[PDB]
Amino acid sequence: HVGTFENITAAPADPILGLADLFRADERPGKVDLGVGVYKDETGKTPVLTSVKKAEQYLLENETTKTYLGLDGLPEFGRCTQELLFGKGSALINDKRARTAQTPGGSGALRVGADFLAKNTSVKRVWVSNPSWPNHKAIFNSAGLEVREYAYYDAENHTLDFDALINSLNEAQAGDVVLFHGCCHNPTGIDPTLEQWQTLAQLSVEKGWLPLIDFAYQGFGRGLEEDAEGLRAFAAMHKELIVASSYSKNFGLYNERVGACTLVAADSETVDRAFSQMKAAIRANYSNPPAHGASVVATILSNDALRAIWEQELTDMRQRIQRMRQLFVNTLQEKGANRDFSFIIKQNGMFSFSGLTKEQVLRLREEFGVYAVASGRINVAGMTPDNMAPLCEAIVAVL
């Protein structure tokens, strides 16, 4: 009898991972890593928020058991989540049309959403922006759902091609899922305006799409309430919605895997039937979600003093990002970039496409120890006042 594993072929090498290996083996002292996927502060670190440390100290002092949570996790986490998403006093919440499962990260939420849809609905197709978050395709495909792309980003001109977007979505059938990023579109950094969201919501109702809002950066855009505008425009117009949210970034809890999948249906009765099937997809998966990170979030959000500390930390992160964007563009001008990089200031969140070619990206790594990914995506949180000048000088050099 021959082995079951013998004929497996190796997955393709993960290029980003190889790039990290490279950065790891590069002993040059002036390295700048614009390729990372996480927030870094001005010292180049991804620290544990103070509010989180406080919340964790509290849990340590008060926790008396680690016994299984329900399939849907911690109720107060679910409540606080729905409030962040829909606003306090939301008719949708008052009508009890929403249910929320704590999940392992926004990734878990997305996967759980997908399995839930594949097994219980007529959904065949999920539409995502070109480009989008890199793991969307693999998550949705794993559930047996086809992935389609709609027009979004105009690379040459650094713009959201809204007319393109609208026309491309005409191919999306009634009953298809269309996925939108709630804010800080990853990785273009370009979001619809409220008005554009409103057009999008209306069109979705007209065509019969099921909207899925991937909401991983609330507070990194303009602020907590403002970043939910697009979501709430959709929620106001629709009988049904799915929201996959993440606290990985806004709480700096990446590795604790803290997120949620929120179902919204026409009424409480309907969301309950739907939600019972979602709980079954969960049972067939990881059975129940990890407590620590969700408890940390529930602890912060429901305590006025802790919440105020967190909100200020989040503002600090959002503003540090915005000012590295500003600093970046001004420092390129002063170093004689020649080309306009003002689009960086017209974008929000951690990511933008720099517009650099893979040739320029390659030279920047080999020659200047400056690291970006091949598409030219950059994470401006990788910039600091200290590294900005040498970074911009390298960029002018490859231009």
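The numbering used is simple: start at 1 and walk along the sequence shown.
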property: Given 11-19 and 375-383, the range whose Cα B-factors average higher in the PDB entry; result: 11-19
property: Mean C-alpha B-factor comparison - 339-347 and 36-44, higher one; result: 339-347
property: Most elevated Cα B-factor in the entry, residues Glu83, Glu146, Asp272, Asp214; result: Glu83
property: Per the PDB entry, maximal CA B factor within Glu206, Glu256, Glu226, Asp163; result: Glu206
property: Third of the chain's Cα B-factor distribution that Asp72 belongs to, per the entry; result: middle
property: CA B-factor placement of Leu59, once the chain's modelled residues are sorted into thirds; result: middle
property: B-factor third for the C-alpha atom of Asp191 within its chain; result: lowest
property: Cα B factor band for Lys88 (lowest, middle or highest third within the chain); result: highest
property: Ranked against its chain, the third holding the CA B-factor of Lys96; result: middle
